[PDB]
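Here the protein sequences come in this chain order: BI, Bc, BC and BS. Start counting the first sequence at 1; every next residue gets the next number (the entry's author numbering). Start counting the second sequence at 1; every next residue gets the next number (the entry's author numbering). Start counting the third sequence at 1; every next residue gets the next number (the entry's author numbering). Start counting the fourth sequence at 6; every next residue gets the next number (the entry's author numbering). Even for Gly, the Cβ is constructed at its ideal location relative to N, Cα and C.
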Amino acid sequence: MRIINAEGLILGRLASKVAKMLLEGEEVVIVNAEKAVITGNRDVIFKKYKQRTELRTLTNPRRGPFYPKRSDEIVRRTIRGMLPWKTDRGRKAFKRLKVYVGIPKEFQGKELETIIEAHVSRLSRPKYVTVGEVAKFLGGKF
Amino acid sequence: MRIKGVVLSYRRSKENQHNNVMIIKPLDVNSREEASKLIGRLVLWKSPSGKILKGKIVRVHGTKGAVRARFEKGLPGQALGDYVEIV
Amino acid sequence: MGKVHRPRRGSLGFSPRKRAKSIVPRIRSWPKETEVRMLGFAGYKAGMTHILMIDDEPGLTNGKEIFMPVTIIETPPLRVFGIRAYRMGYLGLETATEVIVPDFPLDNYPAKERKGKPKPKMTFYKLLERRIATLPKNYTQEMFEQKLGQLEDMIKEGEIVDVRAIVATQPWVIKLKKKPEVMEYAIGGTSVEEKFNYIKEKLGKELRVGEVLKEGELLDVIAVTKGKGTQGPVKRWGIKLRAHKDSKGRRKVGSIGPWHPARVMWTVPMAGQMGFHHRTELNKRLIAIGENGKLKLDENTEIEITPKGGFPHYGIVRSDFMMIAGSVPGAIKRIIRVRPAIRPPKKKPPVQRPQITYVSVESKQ
Amino acid sequence: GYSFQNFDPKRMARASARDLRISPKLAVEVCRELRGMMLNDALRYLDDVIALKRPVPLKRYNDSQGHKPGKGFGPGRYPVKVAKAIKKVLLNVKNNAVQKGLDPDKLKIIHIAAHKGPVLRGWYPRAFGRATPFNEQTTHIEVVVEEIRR
RNA sequence: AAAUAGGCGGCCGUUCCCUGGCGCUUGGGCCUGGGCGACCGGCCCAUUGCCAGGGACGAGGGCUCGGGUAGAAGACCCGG
RNA sequence: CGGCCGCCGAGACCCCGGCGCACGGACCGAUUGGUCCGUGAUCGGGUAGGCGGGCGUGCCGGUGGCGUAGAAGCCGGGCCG
RNA sequence: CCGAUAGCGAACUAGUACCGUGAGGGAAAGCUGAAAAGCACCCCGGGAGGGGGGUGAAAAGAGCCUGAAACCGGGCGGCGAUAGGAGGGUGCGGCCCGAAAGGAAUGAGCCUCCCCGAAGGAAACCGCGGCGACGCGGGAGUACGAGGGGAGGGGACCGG
């Protein structure tokens with residue numbers, strides 16, 4: 001159905017619009033998770049993400065919150081947390097969602113048009129990180 | 001003929017259901033304004049095999065072009081996704 | 001609480017302690033490339049000896065006599081079955097395609113009098129037949145269609161990443177198996193085309209200790225350690241003893257944990273598998289390479305080995321061999337693979353061909 | 006009685022056993038395993054069980070008993086007593102069927118089902134002045150075998 | 001069993017007949033008016049395909065046996 | 001944080017039909033009870049407790065019925081309350 | 001009045017079996033059928049066991065009238081080896097059946113036209129405001145709408 005090219009688009013806004021559409025039962029495929037943007041002070045963003053991974057929920061039963069290290073999976077975990085994967089609809093939705101690493105597609109993408117909060121202008125926004133950089137530091141791949 | 005046709009949820013607060021009516025987005029309708037042409041149109045959930053659920057719409061939901069619909073019977077939810085006809 | 005600390009017993013760094021996934025060792029981690037030369041080689045552990053060497057091996061003298069325990073290992077010659085190609089994906093390294101060699105020489109094989117039916121063994125590698133990996137079904141045809149597939153990969157050109165080799169043993173004197181153990185070894189250089197040329201020459205060739213590896217280097221060893229079976233909390237983790245005299249207790253952990261938290265942690269000592277675990281032990285000095293054993297006609301760089309009466313639990317050693325310093329992980333008769341070191345000590349230099357004053361000739365019994 | 010349909014004149018032959026002094030649970034594993042085979046295979050199957058060759062897999066009741074190698078379910082055991090006893094039931098269907106004008110060897114076993122019958126009950130000692138039931142179960146097992154041939 | 005549920009190389013399964021009924025049901029080529037094309041109409045081919053009645057063949061693997069470098073059972077490894 | 005506009009969103013409130021209660025009116029009966037109409041916006045949650053109506057069980061009496069062409073009882077289904 | 005977990009301790013082998021040194025304490029245990037015809041004769045089986053045939057009727061075949069529940073086997077329908085919990089209610093899909101007590105061939109699920117119609121109640125489109133979000137007037141209390149009536153087609157289930 002949809003091929004989104006998610007270069008230049010803030011993560012939260014992109015993840016909401018997608019999460020809703022998947023519940024409608026209409027496939028979204030997000031391409032280029034890395035090229036994506038997260039707004040805010042980088043210290044804090046990293047600290048927050050790192051902390052999730054750090055557990056040791058007990059001391060490792062291999063249960064309890066985990067968080068992965070690559071920009072792709074960080075994103076794939078995010079759209080899913082916006083989804084209710086416990087229920088039937090959500091579960092069906094998670095299979096409807098796919099993340100692709102790099103671009104393998106030969107075809108043109110699509111976008112969420114609005115520039116209010118869902119596309120950056122890098123000079124205008126005072127503080128940002130690109131999602132791939134925080135993933136390299138965490139241990140994952142660009 | 002038919003225009004799609006998506007059942008997303010029931011009219012519902014976060015905590016209440018309201019089983020009686022469902023909220024729909026038809027495709028083409030951008031606005032509260034377009035949705036009113038759909039009023040009175042009969043909506044049918046089709047399922048594999050033959051059993052048949054009619055309902056009408058009867059009210060505008062939006063803001064943006066959602067419409068509410070009532071059925072004789074009601075909808076499982078199982079289909080979040082039904083179709084509406086141009087009758 | 002006395003407010004006294006107890007440092008942790010056992011590691012969780014060689015955990016989880018559970019059976020190997022194959023009798024063959026596995027590998028992900030490959031050492032440094034700097035030469036167009038074979039990486040990784042194999043043997044069977046023969047037994048052990050002790051050796052007197054002249055230091056060499058930098059340490060607390062660099063000229064007095066030094067005792068070093070030694071593992072004598074019979075290495076089979078190996079035969080590169082195929083060339084495995086990799087392509088780099090998005091998610092990790094995946095194998096593009098392979099050339100195998102269905103094609104059949106007759107094996108340097110011996111065995112057997114009785115005599116009336118010598119019944120020919122003349123080995124197309126009937127050892128491939130005994131290997132449970134299957135085979136076409138038109139030898140010539142298959143090799144060529146694959147070779148053409150290789151030619152493509154070389155052409156494209158940078159689609160292709162590195163080259164590794166599917167390499168298998170040749171049992172041609174060892175009585176502890178007669179079925180090829182099949183493995184992967186990498187072929188390093190510094191750029192794909194040089195690895196591609198070398199692997200292609202290599203495939204029809206029965207190869208040595210000499211080809212792969214040089215004396216006086218430090219080497220890693222990869223192996224599945226000897227299986228104990230299940231062993232106690234005492235054995236697996238280490239447990240201390242207790243108070244005035246305990247009949248009842250003695251081999252015991254007491255607490256598994258508190259009342260809330262209402263769970264069992266995985267770090268508390270319990271019974272379960274010990275041994276038959278995979279281990280890589282770093283930096284073992286290559287004492288020696290030779291071939292035979294028992295007699296050699298020159299008197300320096302060995303005079304030739306093998307205790308009389310064999311070794312307890314090992315057949316006759318007669319084929320290419322390596323004598324490596326200190327402990328080797330595994331049991332007697334187990335396949336071990338050897339890995340060059342990724343980096344060796346640097347506060348202690350390697351020094352080539354270490355001086356071998358004398359070799360044991362007494363049995364382990 | 007009998008707990009399945011009949012057409013005994015020319016397509017069914019029946020027999021039943023009453024108050025066999027045998028385990029009902031071990032009768033459950035054999036009836037299920039044996040079910041659906043022809044008589045001859047069923048003889049062969051029973052003979053192997055007695056030799057202590059082919060295991061009877063434990064399935065519905067299965068707890069705290071060692072596994073057994075091969076294809077078929079993890080635990081299993083050998084109920085020698087039951088195999089001997091059931092062999093007699095089967096032999097009786099076979100002699101009868103022949104008078105009835107059925108050829109036994111071809112007939113497939115549709116139905117075999119076990120019934121927990123009356124309970125032989127008493128006491129054996131435990132400590133602290135107390136006695137506890139010490140019981141043997143007595144079991145009925147029915148077999149109704151049916152023709153199938155072309 | 002990473003649900004984005006992997007990658008490779010090899011090995012396998014990879015069917016018949018009478019009689020009745022059907023075939024742009026299935027599949028291809030050509031002409032011309034209409035169509036960008038698929039498609040309608042005209043021409044040409046099928047040892048064929050389909051339904052109903054009966055019908056073949058059997059790669060891998062365990063169990064088996066002799067022992068263990070393995071092991072509470074089971075498993076594992078090796079040899080036959 | 002200071003304004004504003006459009007919406008969403010209860011069993012509430014509005015609205016059709018029905019039901020009980022309370023009260024009035026009428027009728028019916030041999031007692032209890034029942035029915036028909038009207039009024040109720042200002043009647044309808046509910047533990048202790050108070051009251052009021054019905055149901056069921058065993059046997060007795062009167063009365064009036066049923067049963068081997070199948071009673072009670074048992075098990076599943078249908079209908080009413 | 002009770003009616004066999006009741007009523008006498010006890011419908012009977014009861015003041016028994018049994019307990020306790022003793023004084024004393026103390027149960028449970030009713031039903032074949034018309035006739036015992038209480039199982040011959042025949043087949044099978046080591047067989048005193050057990051199965052078929054043999055009775056008006058053996059869910060009348062030996063603590064045998066009836067023959068519940070818990071529960072146990074098998075079979076039928078449904079679900080079933082990636083997925084969430086007072087085990088359900090309410091509403092709707094799939095599969096399953098339903099002769100029987102129900103309504104419906106004097107027309108079921110279902111389709112279609114027309115009208116009446118409580119509370120409620122638009123749009124397109126037009127003109128004018130409002131910084132804007134959006135609002136007024138007209139369309140228009142119209143379309144629609146719970147609920148009610150007639151006609152018409154199809155042809156078997158619908159509730160449950």
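Contacts with chain BC (Cβ-Cβ distance below 7 Å) from the segment 88-101 of chain BI involve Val-101, listed in chain order. Interface flag for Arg-263/BC against chain BI is set, since a Cβ pair is found closer than 8 Å. Membership of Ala-46/BC in the beta strand (DSSP E) is indicated by the continuous run 41-54. Using a CB distance below 9 Å, the part of the segment 22-41 of chain BI facing chain Bc consists of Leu-23, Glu-24, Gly-25, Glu-26, ordered along the chain. Listed along chain BC, no residue sits closer than 8 Å to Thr-57/BI by beta-carbon distance, the nearest being about 10 Å off.
In terms of CA proximity to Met-270/BC, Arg-9/BC leads the group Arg-9/BC, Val-4/BC, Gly-2/BC. Looking only at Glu-291/BC, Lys-3/BC, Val-24/BC, the smallest Cα-Cα distance to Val-182/BC is reached by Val-24/BC.
Around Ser-71/BI, the same chain offers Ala-33, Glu-34, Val-131, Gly-132, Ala-135 as residues with beta carbons nearer than 6 Å, after the five sequence neighbours per side are excluded. Residue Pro-110/BC holds the alpha-carbon nearest to the alpha-carbon of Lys-175/BC among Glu-304/BC, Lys-226/BC, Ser-22/BC, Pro-110/BC. By the C-beta density criterion, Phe-14/BC is exposed, having fewer than 16 other C-beta atoms within 10 angstroms. With a contact defined as Cβ atoms closer than 8 Å, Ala-168/BC and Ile-199/BC miss out at about 15 Å.
Within 10 angstroms of the beta-carbon of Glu-35/BC lie fewer than 16 other beta-carbons, which makes it exposed. For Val-80/BC, the enclosing beta strand (DSSP E) covers residues 78-88. At a cut-off of 8 Å between C-beta atoms, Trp-259/BC does not count as an interface residue with respect to chain BI.
Sequence-distant partners of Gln-231/BC (beyond 5 residues in either direction) whose C-beta falls short of 6 Å from its own C-beta, in its chain, are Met-274. Beta bridge pairing from DSSP links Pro-62/BS with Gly-81/BS. For the C-beta of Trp-266/BC, the chain BI residues within less than 8 Å are, from N- to C-terminus, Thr-59, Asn-60, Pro-61.
By the C-beta criterion, the segment 141-161 of chain BC is judged to be in contact with the segment 90-106 of chain BC, since at least 3 inter-stretch pairs fall below 8 Å. The three-state secondary structure of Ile-66/BC, taken from DSSP, is strand.
Under the three-pair Cβ rule at 8 Å, the segment 100-110 of chain BS does not count as touching the segment 342-352 of chain BC.
Taking 8 Å as the threshold, the shortest C-beta distance from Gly-74/Bc to chain BI does not fall below it.
Counting only residues of its own chain and dropping the five nearest sequence neighbours on each side, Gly-309/BC has a CB closer than 7 Å to the CB of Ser-363.
Around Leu-91/BC, the beta-carbon contacts reaching into chain BI at under 7 Å are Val-101. Here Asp-162/BC carries a strand assignment [DSSP, helix/strand/coil]. Uninterrupted beta strand (DSSP E) stretches at least 3 residues long and entirely within the segment 190-260 of chain BC occur at 218-224, 229-231, given in chain order.
If you draw a straight line from the Cα of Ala-119/BS to the Cα of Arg-135/BS, it is about 34 Å long. If you check the CB distance, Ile-57/Bc and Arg-2/Bc do not come in under 8 Å. If you draw a straight line from the Cα of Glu-147/BS to the Cα of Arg-49/BS, it is about 19 Å long. For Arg-26/BS, the closest C-alpha among the options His-145/BS, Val-149/BS, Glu-151/BS is that of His-145/BS. Counting of Cβ neighbours within 10 angstroms places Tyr-90/BC among the exposed residues, the total staying below 16. By the beta-carbon neighbour count (other beta carbons within 10 angstroms, threshold 16), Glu-33/Bc is exposed. Per DSSP, the beta bridge partners of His-278/BC are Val-224/BC. Residue contact with chain BI for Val-58/Bc: absent (no Cβ-Cβ distance below 8 Å to any residue of chain BI). In this structure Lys-64/Bc is in contact with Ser-31/Bc, their Cβ atoms being roughly 6 Å apart against a cut-off of 8 Å. Within the segment 63-116 of chain BI, the complete alpha helix (DSSP H) segments at least 4 residues long are 71-81, 88-96, listed from N- to C-terminus. When DSSP reads this structure, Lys-99/BS sits in no beta bridge, so it has no partner.
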